[PDB]
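Chains, contacts and geometry: an overview
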Amino acid sequence: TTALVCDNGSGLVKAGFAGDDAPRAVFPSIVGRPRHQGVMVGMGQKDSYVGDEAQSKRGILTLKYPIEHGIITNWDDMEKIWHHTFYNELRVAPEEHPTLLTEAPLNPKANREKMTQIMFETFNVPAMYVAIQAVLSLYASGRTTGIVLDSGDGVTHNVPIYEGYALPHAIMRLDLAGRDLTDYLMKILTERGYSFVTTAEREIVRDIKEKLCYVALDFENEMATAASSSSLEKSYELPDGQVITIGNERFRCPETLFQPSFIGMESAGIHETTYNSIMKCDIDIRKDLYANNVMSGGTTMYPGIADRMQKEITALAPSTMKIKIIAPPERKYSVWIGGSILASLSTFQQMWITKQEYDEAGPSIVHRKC
Amino acid sequence: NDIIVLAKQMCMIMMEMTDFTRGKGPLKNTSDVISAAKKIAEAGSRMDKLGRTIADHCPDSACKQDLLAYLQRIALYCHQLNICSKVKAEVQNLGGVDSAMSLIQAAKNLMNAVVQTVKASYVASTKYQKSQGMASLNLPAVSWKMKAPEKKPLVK
Amino acid sequence: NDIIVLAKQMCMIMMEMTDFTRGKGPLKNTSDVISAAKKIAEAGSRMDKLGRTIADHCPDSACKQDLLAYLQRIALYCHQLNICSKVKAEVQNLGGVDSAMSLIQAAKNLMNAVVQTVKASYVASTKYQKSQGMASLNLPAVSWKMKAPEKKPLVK
Ligand SMILES: Nc1ncnc2c1ncn2[C@@H]1O[C@H](COP(=O)(O)OP(=O)(O)O)[C@@H](O)[C@H]1O
Ligand SMILES: [Mg+2]
């Protein structure tokens, strides 16, 4: 009788029960398969590991992400991820709880349709729903007006909402997020002689990026400071005890969000994308969109990203405007918190896609109910 | 009038929230704001039943449509405040005026929806007084403390 | 639940083994550790039949694959402990915390495999309860003492 809320990100699964204030399962959205020779009898029967199971044993596994850029690419590994989520992590029976799922905007329709079908036919959920992650972030922030900049492992998206009305023509999606920054950091770590190639070493580099990287308020003076001194250099100890030092890779990696040309993309930075999304909205709502810049997702968790974000948008916007960037401390789970707010809402209970409706109208019911 | 006194005591709470926003009021920091959000949401749910009853005693194609619209807004806002206050409580317990801003914005939204619901309820009760059911509510356009609207300035 | 009580009493044994590792527990030296290894291996074989039955009452392309994986791990760990305990009994009889380390490591491995087998068995029984055969086992997801998972910390 209590709904489930599974936030399937590209990087992490955030799962829990509607009504709660925090997910109960947060594990990597990876499936690992052994890549070496099993030489002991019975030690190689398990052919696949999911979640923290795979990060624990990643030294003998090949780690694969079922989701790239917010689109599910492996539907047998994602199916394993969902089975893990329901049975090993949450330990529920899916056919008694309605499940709320999340999806990025401007995403293929087959993604949503196959999620609907997998739920209703492999997990027999009584009902389900697919919600847009930026609307859920705005739910969690306690607002009904504001432009949400949500950055995850796979996608960065801007959804402007005013008085509960979205402006879908001003939604901007950008396939540049945490995994692209991890790849860029692996690339520019080679300048110091550090070679991380394996998927496990990619997880190591993701850890380095989360612990050491930050966003420079002014990039050029930070490059000058790093060149002049060694005050910005920090060390990091690898899983086998080697120590690496990185000086300007710390703020060069997150700068790819504001200069996507670092990784060869032609698009505009997240500040320019946010401004361009605000200026596709009606002139009468732009003032309230400027003052409510909700940032959610884990790629917005760099130290200094809100200050740089506000500085850049202030440069772009008129000088009489009211630029505020809203970055809650818990914004790494804003999508899940908003999903649990919505799934527990009393007025939402007629908005589930029941299995009767699915049986009438096939998986295509999800484009018209959601 | 139950509706008026409930909305107006919630207005007292929402005043104390703005006074914390100005930095000088009866609330010291975020914890008092979380508690105030919880009680304003509870009083909003009470307001929700009051609106439900006034709507249920009203004809279909009447002012009940606007009233139900505002009641659904009230439901969304009260629920958001309770989860957001619980989230802020957990965040404080683990680790913030910026944090208080989300709760205060939700409270402003709720109070605006409650004012809209109050006037909608008054119109519904006055317009359909001696329709049956409304008499049992006993809301005779006088229990509502409606001032006369003040005149416009002829020259601006 | 037979599975839960068997695994948890083995956990009591494995706690006593770690307590000897810390140097302060109910075991004086290697001989007590050898005896404890023998009984934990015996209880592991009992656990092995319990897993065998739960697997045999399960559909093929189901959670029985993981369960059989963990059961094969259990069988190797129990076998290693029984031969290794016999080896070190002979070594002591002929001639050692360092010696205790191999048995304690095998016991840690066995206990980890048993925890994995416990959760796999629970998933297999819950997921396929009113499939025939599982009802005869009478393991209705309540005999399993599964706590609700605790919430994550929002801020770290
Ligand atoms: N403290 C941090 N600093 C910078 N990046 C982070 C931090 N924590 C997580 N990330 C990045 O955020 C991504 C996960 O964020 P999340 O919002 O969970 O993504 P998704 O919605 O795709 O699951 C990961 O790629 C990780 O690299
Ligand atoms: Mg996300």
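Residues numbered from 1 in each chain as written, not as in the entry; some residues may be left out. Chains lettered and ligands numbered in written order. Part of a larger assembly, values for the part shown. Heavy atoms only, no water.

- For this deposition, the record names cryo-EM as the technique by which the model was determined and cites 2.77 Å as its resolution.

**Notes on the overall build of chain B**
- Looking only at helices and strands, chain B features 5 helices and 0 strands.
- Ordering the α and β elements of chain B from the N terminus gives α-α-α-α-α.
- Dimensions of chain B, computed from C-alpha atoms along their principal axes, come out at roughly 55 × 45 × 20 Å.
- Out of the 156 residues belonging to chain B, those deemed buried represent 44%.
- Here chain B has roughly 8,800 Å² of accessible surface; of this, 54% comes from carbon and sulfur atoms.
- A distance of 6 Å separates the average location of the 22 positive side-chain charges in chain B from that of its 12 negative side-chain charges. (Helix = DSSP H or I, 4+ residues; strand = E, 2+ residues; numbered from the N terminus. Buried < 20%, exposed > 50% of the residue type's maximum accessible area, 1.4 Å probe, protein only. Areas by Shrake-Rupley, 256 points an atom, 1.4 Å probe, with all protein chains shown as cover. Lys, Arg positive; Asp, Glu negative; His and termini not counted. Charge placed at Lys NZ, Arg CZ, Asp CG, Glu CD.)

**Here we look at the domain arrangement of chain A**
Residue and element names in this part refer to chain A.
- Its domain assignment divides chain A into domain 1 (1–27 + 69–134 + 334–367), domain 2 (28–68), domain 3 (135–181 + 271–333) and domain 4 (182–270).
- Every contact between the two is made by 24 residues of domain 3 and, on the other side, 25 residues of domain 4.
- Taking both sides of the interface into account, the surface hidden between domain 3 and domain 4 amounts to around 2,000 Å²; carbon and sulfur atoms contribute 61%.
- Among the residues domain 3 hides against domain 4, the three largest losses belong to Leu181, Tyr302 and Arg308. Together they make up 36% of the total.
- If you look at where domain 3 meets domain 4, you find 2 salt bridges. (Domains from an automatic or database assignment. Contact = heavy atoms within 4.5 Å. Buried area = accessible area lost by both parts, 1.4 Å probe. Salt bridge = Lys/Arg side-chain N within 4 Å of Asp/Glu carboxyl O.)

**Quick notes on the site of ligand 1**
All names here are of chain A.
- Near ligand 1 there are 17 residues, and of these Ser10, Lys14, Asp153, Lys209 and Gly298 occur at the shortest range.
- With respect to ligand 1, the backbone of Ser10 contributes an N or O atom lying 2.9 Å from an oxygen atom.
- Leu12 is positioned with one of its backbone polar atoms (N or O) 3.1 Å from an oxygen atom of ligand 1.
- Burial of ligand 1 by the protein amounts to 91% of the accessible area it has alone, namely 570 Å². (Near = heavy atom within 4 Å. Polar contact = N/O pair within 3.5 Å; in protein donor to acceptor, adjacent residues only side chain to side chain.)

**Some words on the pattern of salt bridges**
Residues and elements named next belong to chain A.
- Going through the model one piece at a time under the given rule, you end up with 25 salt bridges over all chains.
- A salt bridge links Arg202 to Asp183, with the shortest nitrogen-to-oxygen separation between them at 3.9 Å. Taken as a pair, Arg202 in helix α6 (residues 199–212) and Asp183 in helix α5 (residues 178–188) lie far apart in primary sequence, 19 residues in all.
- Exposure remark for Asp183: the relative accessible area of 35% places this residue in the partly exposed category.
- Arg308 is paired through a salt bridge with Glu312; the nearest N and O atoms lie 2.7 Å apart. Taken together, the residues span about one helical turn, with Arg308 and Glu312 both in helix α11 (residues 305–316) at a distance of 4 residues.
- Residue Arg308 is classed as buried on the basis of its relative accessible area, which comes to 5%.
- A cluster of three or more residues bridged by salt bridges with shared partners is formed by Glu68, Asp153 and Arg179.

**Focus on the packing of aromatic side chains**
Residue and element names in this part refer to chain A.
- Counted under the stated rule, the structure contains 11 aromatic pairs over all chains.
- Judged by centre distance (5.0 Å) and plane angle (65 degrees), the ring pair of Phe348 and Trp352 falls under edge-to-face.
- Judged by relative accessible area, which is 2%, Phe348 ranks as buried.
- Through a chain of ring-to-ring contacts, the aromatic side chains of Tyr184, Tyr214, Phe219, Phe251 and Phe262 assemble into a single cluster.
- Just above the ring of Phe258 sits the side chain of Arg308; from NZ or CZ to the centre is 4.4 Å. (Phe/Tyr/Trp six-rings, centres within 6.5 Å; stacked < 30°, edge-to-face > 60°. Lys NZ or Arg CZ within 6 Å of the ring centre and 35° of its normal.)

**Structural notes on the sheet that holds strand β9 (residues 99–103) of chain A**
Residues and elements named next belong to chain A.
- Reading across from one edge, β3-β2-β1-β9-β10-β19 is the order of the 6 strands in this open sheet, with mixed pairing throughout. Each end of this open sheet is capped by a strand with a single partner; those strands are β3 (25–28) and β19 (353–354).
- Of the strand pairs in this sheet, strand β1 (residues 4–8) and strand β2 (residues 12–17) are connected by 5 bridges, and their pairing is antiparallel. By the bridge assignment, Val5 is partnered in β2 with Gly16.
- Where helix α4 (residues 133–140) meets the sheet, its contacts fall on β1, β9 and β10 (127–132), and the angle it forms with β10 comes to roughly 85 degrees.
- In the packing of helix α12 (residues 334–343) onto the sheet, the strands contacted are β1, β2, β9 and β10, and the crossing angle to β1 comes to about 150 degrees. (Pairing = 2+ DSSP bridges. Axes fitted to C-alpha atoms, helices over the stretch in contact; angles between N-to-C directions.)

**Things to note about the interface of chain A and chain C**
- Each side of the interface is counted separately: chain A has 26 residues, and chain C has 24 residues.
- The junction of chain A with chain C conceals about 2,300 Å² of combined surface from both sides, 55% of it contributed by carbon and sulfur atoms.
- Taken as a group, A:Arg24, A:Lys46 and A:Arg91 account for 29% of the area that chain A buries against chain C, more than any other trio of residues on that side.
- One can count 2 salt bridges joining chain A with chain C.

**A closer look at the side chain of A:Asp150**
Residues and elements named next belong to chain A.
- One can find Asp150 in strand β11 (residues 146–151).
- Buried charge without a partner: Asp150 forms no salt bridge, and the closest opposite charge is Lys14, 8.4 Å away.
- Polar contacts involving the side chain of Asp150 include one to the side chain of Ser296, which spans 2.8 Å.
- Dropping the residues within four chain positions of it, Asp150 is found in contact with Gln133, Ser137, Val155, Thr156, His157, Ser296, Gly297 and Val335.

**Observations concerning unusual backbone geometry**
- Phi at A:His69 is positive, roughly 65 degrees, even though this residue is not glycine.
- Tracing the backbone shows A:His69 in the loop between β7 (67–68) and β8 (71–72).
- Residue classification places A:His69 among the partly exposed positions, given a relative accessible area of 28%.
- We note that C:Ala141 has phi near 60 degrees; this positive angle belongs to a residue other than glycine.
- By the element assignment, C:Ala141 lies in the segment after α5 (134–137).
- Judged by its relative accessible area of 30%, C:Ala141 falls in the partly exposed class.

**Things to note about the interface of chain A and chain B**
- The interface of chain A with chain B comprises 21 residues on the first partner and 19 residues on the second.
- Of the roughly 1,600 Å² buried where chain A meets chain B, counting both sides, 63% is carbon and sulfur surface.
- Our count for the chain A to chain B interface comes out at 0 salt bridges.
- Inspection of the region where chain A meets chain B yields 4 residue pairs in polar contact.
- For the side of chain A that touches chain B, the secondary-structure elements that each account for two or more residues are α4 and α12 of chain A.
- Residue classes in the side of chain A that touches chain B are distributed as 8 nonpolar, 8 polar and 5 charged. (Nonpolar A, V, L, I, M, F, W, Y, C, P; charged D, E, K, R; others polar.)

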